[PDB]
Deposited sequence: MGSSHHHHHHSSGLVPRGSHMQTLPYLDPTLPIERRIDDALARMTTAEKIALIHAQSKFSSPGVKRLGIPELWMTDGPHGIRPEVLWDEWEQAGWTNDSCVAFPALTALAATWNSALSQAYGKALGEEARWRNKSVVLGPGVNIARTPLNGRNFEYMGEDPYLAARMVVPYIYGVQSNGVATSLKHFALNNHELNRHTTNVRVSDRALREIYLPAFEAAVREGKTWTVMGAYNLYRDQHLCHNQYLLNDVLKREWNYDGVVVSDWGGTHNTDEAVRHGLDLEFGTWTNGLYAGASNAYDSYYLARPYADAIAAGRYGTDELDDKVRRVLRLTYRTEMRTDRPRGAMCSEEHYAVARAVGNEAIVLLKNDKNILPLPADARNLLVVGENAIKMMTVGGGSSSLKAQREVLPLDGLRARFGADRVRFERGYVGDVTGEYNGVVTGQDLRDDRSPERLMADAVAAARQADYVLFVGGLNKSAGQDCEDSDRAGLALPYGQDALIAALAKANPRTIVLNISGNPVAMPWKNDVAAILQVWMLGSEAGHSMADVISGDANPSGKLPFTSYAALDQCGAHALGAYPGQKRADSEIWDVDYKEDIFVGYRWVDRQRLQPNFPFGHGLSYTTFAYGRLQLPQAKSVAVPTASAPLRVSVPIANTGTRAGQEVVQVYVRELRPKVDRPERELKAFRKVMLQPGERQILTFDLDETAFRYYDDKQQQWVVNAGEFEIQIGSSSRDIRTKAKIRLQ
């Protein structure tokens, strides 16, 4: 009565041996049921063999509350209150890879507590246009910044045994017509802008799940695209994970079988007909009819089983926790380093230790940012509002509030029975008798702002915020603007206000992270992950007239042309000599930093083992202590093809004390100087003079040298 342990249930055997044995014991019906969903966020697994279910959870910034089995409606559970972490556009603004791993590790522990197999995150779609409503959960517009910040995120989550989901593996750069948009982008712009983030997340980040987007590429949906899923991801990058479809992205059985769709979810309105999925009975009837064999099926099952063995089949996974002191400290520490100090004229910030009589104006000062937005919705255990955070730090009796404007509306009765002009009248009337005016405005998570399935109508702030800020700055020159947005906003009032900060959507500890910066308890160290355009025409996608695309005559497909090519974001404004309000990598601090000349004659092409060392002295020459993101840019003098004026190829964040001096050394390999030749279809470095630019921003270059390769 003592049989030997079955190979797929034997922990002492290698993982690939157990997957092979489990595959041989599954029936064809069990193999097909494994590759598609049984509920809204779950797959059945193999209940007969003991292979557990895979439970997908939403939120790259937190754990979505439990929903009903089939509907999007909340299940009504009282144990799914999570810790809302700052948005990925804020995490990327930290430029701190060490925090990105602590961000992911804290999120993975919360996913383990909720018994969730895969976290639907992170998203690393390049911010092609400032109107994309989903850019708030991405990592900016630079392919190098997003790449070096997605790898620690994936390492953190997967360290707890929970898989990460590379969201929208595609060209999903705008939400308008996202289900019928066919992107026509050049191969050069594909390999240098939109792919580097996803490649470093696969080959280096070792992500176990890669999600395809709703859009199309080369007349094929990305949830079953032969060019990017098979030829690029699984073959070229040697990807051994699962390609999960976005909830609704699958549309063809024949393509889902042969183009590499391993796991199907949310297939269509309603999605409760799980037998009618494109990888369910239509796949089963086609195998029974002899149209397909079991090769593509066994490959999809071998990958989904590999995802199951990396997660639910494990035993040494941490149980995790939720709403713990450590998880709140991580979200607090990320927000303190995510806030970007844009403007600080006459050193008005930080506020002095005797800051009495302060006026707070704006809806975002009292409006929650964790609930709403569709997939980004989160039931936070508690959300510290900017007004409440500034009250606990400066005293409740020393802080007063005026509504200012009304936008839209967790049980918060944000209604205000005052007209828009009357709200402005008594708000500027209190600004005349106020020492400081802290304006907390920006966007929100409603349709058309920082929300999925929709895009912005323009760059200007909605609800007429341009007039309210200009009136507050006219009645009080000490007006401080706190902008909550995942996209850049127009600022026709930057010369009238004293201080401007990009505070993003920080989540739970939002008010406490803003108060730490306003008071001076935390030195601002965030750098912008995109270009803050002064107008919408400064964006290359809108300057060349190619943002929504063109609908086909006898079809419902939209053909959009990425005519800006590799010149996206700061690569466009540097070539066109345009001057934005604040450029990529911009970030001020409460203490000036000093740069030295590069230590570093004529050397050959560097490699990964033998890199080109570049040293730079960094010194703190102020009175306060803070962090500084030392950015490194590389420029090619005479390239064969068109290249931007500079490209970010290295960066490092270092904490310094007042009077401290350190020597930062960078190892530059062939990736810092190479470019993708679309003819030969390969990367190649061309010999010549290269200029190494190092400074506090993409335009605040402090030291520049030259070297020939």
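Numbering the deposited sequence from 1, one finds several regions with no C-alpha coordinates, namely 1 to 18, 287 to 292, 434 to 441, 633 to 635, 745.
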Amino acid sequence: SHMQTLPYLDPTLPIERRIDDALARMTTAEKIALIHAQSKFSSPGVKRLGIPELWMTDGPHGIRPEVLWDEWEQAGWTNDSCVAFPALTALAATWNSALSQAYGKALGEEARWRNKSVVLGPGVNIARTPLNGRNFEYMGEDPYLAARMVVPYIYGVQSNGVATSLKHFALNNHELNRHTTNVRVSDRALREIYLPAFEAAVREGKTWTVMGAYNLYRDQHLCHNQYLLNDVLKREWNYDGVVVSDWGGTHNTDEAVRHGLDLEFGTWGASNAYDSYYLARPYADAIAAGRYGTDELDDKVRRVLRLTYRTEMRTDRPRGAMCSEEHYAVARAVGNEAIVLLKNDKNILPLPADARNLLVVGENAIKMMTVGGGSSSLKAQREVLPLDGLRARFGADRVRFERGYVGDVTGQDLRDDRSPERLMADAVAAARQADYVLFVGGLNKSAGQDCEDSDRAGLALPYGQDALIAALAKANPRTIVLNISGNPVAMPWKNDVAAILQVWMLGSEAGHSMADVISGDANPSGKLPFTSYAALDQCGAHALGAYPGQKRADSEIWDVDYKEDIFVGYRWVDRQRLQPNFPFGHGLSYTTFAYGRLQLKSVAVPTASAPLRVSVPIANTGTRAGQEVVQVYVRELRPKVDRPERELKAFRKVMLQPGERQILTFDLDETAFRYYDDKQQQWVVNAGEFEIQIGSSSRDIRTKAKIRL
From here on, numbers count along this sequence of modelled residues.
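Stretch comparison (224 to 232 versus 606 to 614) by mean CA B-factor in the PDB entry places 606 to 614 on top.
Averaged over CA atoms, B-factors in the entry run higher in 617 to 625 than in the other of 482 to 490 and 617 to 625.
Across the residues 292, 595, 239, 77, the deposited record lists the maximum Cα B factor for 595.
The PDB entry assigns its highest CA temperature factor, among 459, 334, 119, 396, to 396. In the deposited entry, the Cα temperature factor of residue 508 sits in the middle third of values across the chain's modelled residues. In the PDB entry, a CA B factor belonging to the middle third of its chain's modelled residues is recorded for residue 193. Placement of the Cα temperature factor of residue 30 within the chain: lowest third of the modelled residues, per the deposited record.
In this PDB entry, residue 308 carries a Cα temperature factor that places it within the middle third of its chain's modelled residues. Per the PDB record, residue ranking by Cα B-factor puts residue 391 in the middle third of the chain.
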